[PDB]
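Architecture and fold: a report
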Amino acid sequence: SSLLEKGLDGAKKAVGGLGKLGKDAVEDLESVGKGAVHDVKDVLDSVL
């Protein structure tokens, strides 16, 4: 369910990097349910 800009889940991660020190919490537990395998796997592939 993504209706608007704030309907995206990565919105709490990508566009708020400088503020992403404490707000990161839902991301942690939702990443597991959404397949934590893909999260770590994709980061190890798409390295910044």
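Residues numbered from 1 in each chain as written, not as in the entry; some residues may be left out. Heavy atoms only, no water.

In the PDB archive, solution NMR is given as the structure determination method for this entry.

Some thoughts on the overall build of the protein chain
Of regular secondary structure, the protein chain possesses two helices and zero strands. In terms of principal-axis extent, the alpha carbons of the protein chain reach across some 25 × 25 × 20 Å. Counting every position in the protein chain, which comprises 48 residues, the buried fraction comes to 6%. Of the roughly 4,300 Å² of accessible surface on the protein chain, 62% is carried by carbon and sulfur atoms. (Helix = DSSP H or I, 4+ residues; strand = E, 2+ residues; numbered from the N terminus. Buried < 20%, exposed > 50% of the residue type's maximum accessible area, 1.4 Å probe, protein only. Areas by Shrake-Rupley, 256 points an atom, 1.4 Å probe, with all protein chains shown as cover.)

Quick look at the UniProt feature "binding site: Zn(2+) 2" in the protein chain
Cross-referencing UniProt, the feature "binding site: Zn(2+) 2" maps to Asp24 and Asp28 in the present numbering. Inspection of the secondary structure puts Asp24 in the segment before α1 (26–33). A polar atom in the side chain of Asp24 sits 2.7 Å from the backbone nitrogen of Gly22. Mapped onto the elements, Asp28 comes out in helix α1. Overall, the relative accessible area of 59% leaves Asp28 in the exposed class. (UniProt positions renumbered as here; feature names shortened; annotations may be inferred. Polar contact = N/O pair within 3.5 Å; in protein donor to acceptor, adjacent residues only side chain to side chain.)

A few points about the pattern of salt bridges
The final tally for this structure, using the stated rule, is four salt bridges. For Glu5, the salt bridge goes to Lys6, with nearest N and O atoms at 2.7 Å. Both residues of the pair, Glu5 and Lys6, count as exposed. Salt bridges sharing common partners tie together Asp9, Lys12, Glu27 and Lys34. (Salt bridge = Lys/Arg side-chain N within 4 Å of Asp/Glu carboxyl O.)

Points about the UniProt feature "binding site: Zn(2+) 1" in the protein chain
The positions UniProt marks with the feature "binding site: Zn(2+) 1" are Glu5, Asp9, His38 and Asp42. In sequence the annotated residues extend across 38 residues, and in space they extend as well, their farthest C-alpha pair lying 23.0 Å apart. Relative to the helices and strands, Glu5 is located in the segment before α1. For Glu5, a relative accessible area of 58% puts it in the exposed group. Mapped onto the elements, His38 comes out in helix α2 (residues 36–45).

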